[PDB]
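Here is how the chains run, residue by residue.
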Amino acid sequence: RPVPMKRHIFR
Amino acid sequence: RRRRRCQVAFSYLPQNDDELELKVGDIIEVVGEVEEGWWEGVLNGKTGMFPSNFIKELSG
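So, how was this worked out
Residues numbered from 1 in each chain as written, not as in the entry; some residues may be left out. Chains lettered and ligands numbered in written order. Heavy atoms only, no water. Residues with missing side-chain atoms left out of burial classes, pairs and counts. Core = buried A, V, L, I, M, F, W, Y, C linked by side-chain atoms within 4.5 Å. Buried < 20%, exposed > 50% of the residue type's maximum accessible area, 1.4 Å probe, protein only. Helix = DSSP H or I, 4+ residues; strand = E, 2+ residues; numbered from the N terminus. Contact = heavy atoms within 4.5 Å.

- Per the PDB entry, the recorded name for chain B is SH3 domain-containing kinase-binding protein 1, and the organism is Mus musculus.
- For this entry, the PDB record gives the title as "Crystal Structure Analysis of CIN85-SH3B in complex with ARAP1-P2".

Below, the structure written as structure tokens:
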């Protein structure tokens, strides 16, 4: 399975 | 305004309230990139965030 990258940014 | 579509390669359940659920084979209307690895798109009427590395590459 792929690994999601970390998130910081949102609409 | 022509469409920009892509296909989900791997399923994904949301980890934040702004994220889409992805199911293999789903076709997303792409809005744009938000952060490295993260695009916004429209899927089954809902707009939300999704991991771009879960999308299928076009290779014939």
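Additional details are given in the paragraphs that follow.
**Quick look at the nonpolar core**
All names here are of chain B.
- By size, the foremost hydrophobic cluster in this structure holds 14 residues, and its most contacted members are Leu22, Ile28, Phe50 and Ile55.
- Mapped by element, the contributors of at least two residues to this core are β2 (27-35), β3 (38-43) and β4 (46-51).
- In terms of residue count, the dominant contributor to this core is β2 (3 residues).
- Setting aside chain neighbours within four positions, we find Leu22 in contact with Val8, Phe10, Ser11, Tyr12, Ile28, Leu43, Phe50, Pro51 and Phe54.

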